[PDB]
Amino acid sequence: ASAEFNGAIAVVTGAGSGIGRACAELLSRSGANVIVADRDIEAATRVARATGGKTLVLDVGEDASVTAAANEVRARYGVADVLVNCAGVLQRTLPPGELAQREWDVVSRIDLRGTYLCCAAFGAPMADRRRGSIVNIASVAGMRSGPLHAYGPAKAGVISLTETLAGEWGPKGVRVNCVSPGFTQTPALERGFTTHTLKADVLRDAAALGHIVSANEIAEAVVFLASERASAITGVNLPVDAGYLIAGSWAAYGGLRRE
């Protein structure tokens, strides 16, 4: 535990599960007053009870929901000091034509547009106040090819939006960065194992360190960038991926040189 965020209001979207839960837990253990924001109130309530945080009902796919949630935070607590955008959904890894356009649309709406909605609603007041730190959650899938024709582009959009906002709000004292997880142990990744969409040993083999990343490891990088340890860092994308991005190019040379 630490006092690094004592007094800080930290809104974490998607905080009921996975990466957002781990960020909420670490921010709370670091002293922050965490707003546990999720569309799933049961999950958010469980996390808030464990962290001492406060729940906020938030559907990032619904403009009215985001606007209302932002107004509730301002009225009840104050201008957010930290915003972490973890709400997101995955997609089936289907090629164009097999992937339903409806599925493509949902991924874009939640993962890119929903992050924009929250940055605008929670972050514009930060720029007005002249202080704040925003951390978005992108993905290695936003950085390289893969069978994710909605999720890849949406996460690449998050990397871009992190850069555009960092330039817009830098002169107003707000830092905006993003973390790009590799394959991270969460209930979403477990559902991929259950549908046989992914295989755990295949994911380990695809990473230079031979590990699947833990939600807590992602949260450490988010909290670093959200904190004053990162006071000079803005507009960056930090991959936390156990070396996934490193390993793929070794196959032409016979693969990683393993134990």
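Residue positions are given as counts along the sequence shown, with the first one as 1.
Per-stretch averaging of Cα B factors for 199-207 and 228-236 places 199-207 on top. For the pair 87-95 and 170-178, the mean B factor over Cα atoms is greater in 87-95.
Within the listed group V60, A48, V213, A37, the record reports its top CA B-factor for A48. The deposited CA B-factor of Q185 belongs to the highest third of values across its chain. In the deposited entry, the Cα temperature factor of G152 sits in the bottom third of values across the chain's modelled residues. Ranked by Cα temperature factor within the chain, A100 sits in the highest third according to the deposited record. When all modelled residues of the chain are sorted by CA temperature factor, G123 is found within the middle third.
In the deposited entry, the Cα temperature factor of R144 sits in the bottom third of values across the chain's modelled residues.
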